Structure formats: structure tokens, C-alpha cells
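Structural overview for review
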Amino acid sequence: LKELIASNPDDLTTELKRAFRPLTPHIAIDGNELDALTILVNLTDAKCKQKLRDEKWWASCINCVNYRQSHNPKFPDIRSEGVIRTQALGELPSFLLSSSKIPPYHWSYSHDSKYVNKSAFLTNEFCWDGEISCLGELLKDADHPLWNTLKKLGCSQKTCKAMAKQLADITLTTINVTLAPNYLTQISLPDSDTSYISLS
RNA sequence: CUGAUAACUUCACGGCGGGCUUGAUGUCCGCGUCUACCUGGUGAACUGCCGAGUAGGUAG
């Protein structure tokens, strides 16, 4: 929503740090991606990564979609040991609310304190012309645009892109919380007349 | 069968010093409140004597 006509607030560099992490609508790019990804590779480990993009590139930044999740079991008790990436099942009357009424794209990474700097390149949002989602869903095909920094930035060789294609095939259905043992809030209610249900 | 069960935040602490609000000021003119008017004691606590005695004691 903040395009290249007003992409420079000219105060300091908090705009990229604000627009990477989701609490707000996102910025749209067309071909000016080299302004972002020469900082993005140098976020971990500005026109310096051009012989060392190919290090810290094996599986570390790729593995952080498995720990990326839709729903957060660490609120407000952080020792929970989960990952939940499944939206809902059902629809409501209109006076009630849920996380179904609003678009599911603000998902992020909650696993570790030392791997905070590894949630880049696969958890953020681009918003090209609408249907705003994350990067792991729209990058599962062969013919894809905006690949100028794949044909030009020659440090990124073609040996691990197919692993990123085949590793993120099906992940929208995996749910695994384990109640033995953690700090998970668990509750019981009568759903039927006799058969209670211990939901969470 | 309650986002389940459990869950002692606390110790010390000097906002003080100084300060001329004043000057002047015509509220007045006029003005018919009037008419009418039963609070009643049914008959109802008497007749005498003494006291010089509107005071005081008696008999019935």
C-alpha cells in the first residue's frame, strides 16, 4: 500500500523493519527487489553479500517454514512445544467473531531465542496486486516472475532451489501439540448430552 | 467440570525564598381592589343560717 512513489520517509531505516514483521499492511515492489535482498542476506551471518550469499544457504533459512505457524501456543505461557498451521473448519453467524473473518496472511515464527535472525526470506509478504499471502505458497511453481536476482546475482547458484520447491509441498495440515508434558491450557465442556470433550 | 488445578512485590524519602491593583460615575415619569353573609346554651348547679366582711365556714 506504500509504493515506490512514497517509499522513502527520509527519517531513518525503520520502514523496512516495520514492513517486514506483520502488524500492518505491506509494501509492493515490481522490479526493485535488489534494494531489499542485499540487506536481507546481510541481516544474518548493502552490496557486500555478492560472494557470500551461498553460505548459510544449505537448509537453515529454508527450515524456518516448518517452525513458522498460524496459531501461537506460546501465549501467554512460552514453554509449550508446538506448531499449528491450520485455520478453521466451519462458518459462523455474523455477530460473532473468529480468525476466519479476516485474511490469513500475518503468520510468523515463534520457536527460539537464538534463531530470531533466521526467520527471513520465507516469512514476509509482498502484495503484488492483491490476494496477499506469504512467500511459501506463491513460490511452488516452475514459471515465476521477478527472478532477476537469480539470473543476475551470480552468487546464488542453481543447486538448492528444487529442494525449496519439494520441501514446502504440503504443510497446511500438520498439527502436533504433545500434552506429555508441557504447559498447555486444557479445558472440558459437555458438547453432547453425556460425552464431554476436552478442548484446548 | 470455569484458556483447568498452584501462585506473600518491598525497603528509605525536608519544594523553599520575594511581591501597593487603581482613577471617575443622577435610574426615573404614571397608577380607584369592589359586591354578599343568623354559630347555637331546648328546659338546664336550689333554698337557708354564722361571719361588722365581692375574702371566709356551714345544713339539706
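The deposited coordinates for this entry were obtained by cryo-EM, with a reported resolution of 3.21 Å.

Next up on the list: unusual backbone geometry. Cis rather than trans, the peptide bond between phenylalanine 75 and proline 76 has omega equal to -5°. Along the chain, the position of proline 76 falls in the loop between β1 (68-69) and β2 (108-109). Cis geometry is adopted by the peptide bond preceding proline 181, which originates at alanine 180 and carries an omega value of -20°. Within the element layout of this structure, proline 181 appears in the loop between α5 (161-167) and β3 (187-190). In this model, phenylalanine 121 sits at a positive phi of 70°, which is unusual for a non-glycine residue. Structurally, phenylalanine 121 is set in the loop between β2 and α3 (135-138). For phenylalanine 121, a relative accessible area of 38% puts it in the partly exposed group. Within the chain, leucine 146 stands out as a residue other than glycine whose phi angle is a positive 55°. Relative to the assigned elements, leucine 146 resides in the loop between α3 and α4 (148-151). On the basis of relative accessible area, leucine 146 is assigned to the partly exposed category, the value being 38%.

What follows concerns the layout of surface pockets. The space that makes up the second largest pocket amounts to roughly 410 Å³. For the second largest pocket, the lining is made up of 17 residues, of which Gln69, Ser70, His106, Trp107 and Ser108 are closest to its centre. In terms of residue class, the lining of the second largest pocket is made up of eight nonpolar, nine polar and no charged.

To continue, consider the environment of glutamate 33. With respect to the helices and strands, the residue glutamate 33 is situated in the loop between α1 (14-20) and α2 (34-40). With a relative accessible area of 10%, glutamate 33 lands in the buried category. Along the chain, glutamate 33 and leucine 16 lie 17 residues apart, while their C-alpha atoms are 12 Å from each other. Setting aside chain neighbours within four positions, we find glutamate 33 in contact with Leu146, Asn148 and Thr149. Polar contacts involving the side chain of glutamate 33 include one to the side chain of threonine 149, which spans 3.1 Å.

Rules of the game
- Residues numbered from 1 in each chain as written, not as in the entry; some residues may be left out.
- Chains lettered and ligands numbered in written order.
- Part of a larger assembly, values for the part shown.
- Heavy atoms only, no water.
- Helix = DSSP H or I, 4+ residues; strand = E, 2+ residues; numbered from the N terminus.
- Buried < 20%, exposed > 50% of the residue type's maximum accessible area, 1.4 Å probe, protein only.
- 1 Å grid on protein atoms, 1.4 Å probe; cavity = no way out; pocket = protein on both sides within 12 Å on 5 of 7 lines; lining within 4 Å.
- Points joined across faces, edges and corners; volume = space filled by probe spheres on them.
- Nonpolar A, V, L, I, M, F, W, Y, C, P; charged D, E, K, R; others polar.
- Contact = heavy atoms within 4.5 Å.
- Polar contact = N/O pair within 3.5 Å; in protein donor to acceptor, adjacent residues only side chain to side chain.

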